[PDB]
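First, one chain by itself in structure tokens, the form deposited without its partner chain.
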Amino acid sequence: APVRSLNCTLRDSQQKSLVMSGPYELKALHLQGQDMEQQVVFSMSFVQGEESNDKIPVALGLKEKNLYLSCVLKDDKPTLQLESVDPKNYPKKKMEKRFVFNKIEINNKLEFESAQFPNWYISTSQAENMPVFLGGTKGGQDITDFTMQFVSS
């Protein structure tokens, strides 16, 4: 209850929208028009962590589902996953580190760094219908910057 949330959608800098692939996967694809319906709405929560003018810790859950983006090791590799949680205990202000991302504002765009694995960012691929992932390479050919749209649902 003592958590401030905010509904929104994310679009990568290449203007791709995010959509639920499997029950636990997000995909980024060029979506437009009415078809923009298969687009995911997040509830962004301002949680506890080391706040700053340029870094704001948030948790990213799907709007009315008990599903959260979390960063864990899977094969020794930092990996982004959708994690289901107790729908009674979430969201909360002191989320577990896995669930926390630092939101960074860069040139009217956003980057989400994993608080658990520093310098690892939520990333999308140049190509479409590719899954959203955790990447340890800023710049490069993979996209780590986003734009956010305020919404509601």
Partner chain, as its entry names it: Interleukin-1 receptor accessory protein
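Positions refer to the first chain, counted from 1. Shifts are known only where both forms have a C-alpha. Each form is matched to the other, and the largest set of C-alpha atoms that superpose within 1.5 Å is called the rigid core.
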For the C-alpha atoms alone, is the average B factor greater in 122-130 or in 28-36, going by the entry? 28-36
Mean Cα B-factor check, 66-74 vs 87-95, entry values; winner is 87-95
Check the PDB entry and point out which of 141, 17, 144, 14 has the largest C-alpha temperature factor. 141
For the CA B factor values reported in this entry, which option in 116, 52, 102, 43 has the top one? 52
Would you mind checking where the Cα B-factor of residue 1 ranks among the modelled residues of its chain, as the lowest, middle or highest third? highest
Lowest, middle or highest third of the chain for the C-alpha temperature factor of residue 110? middle
Quick check for you: using the entry's CA B-factors within this chain, is residue 148 in the lowest, middle or highest third? lowest
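Although it is not shown, the form solved in complex with its partner chain is what the next lines describe.
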Superposing on the core, which single option in 84, 52, 48, 119 has a CA shift of 2 Å or more between the shown form and the other one? 52
Where the chain shifts between the shown form and the other one once the rigid core is fitted, runs of at least 3 with Cα moving 2 Å or more: 50-54, 106-108
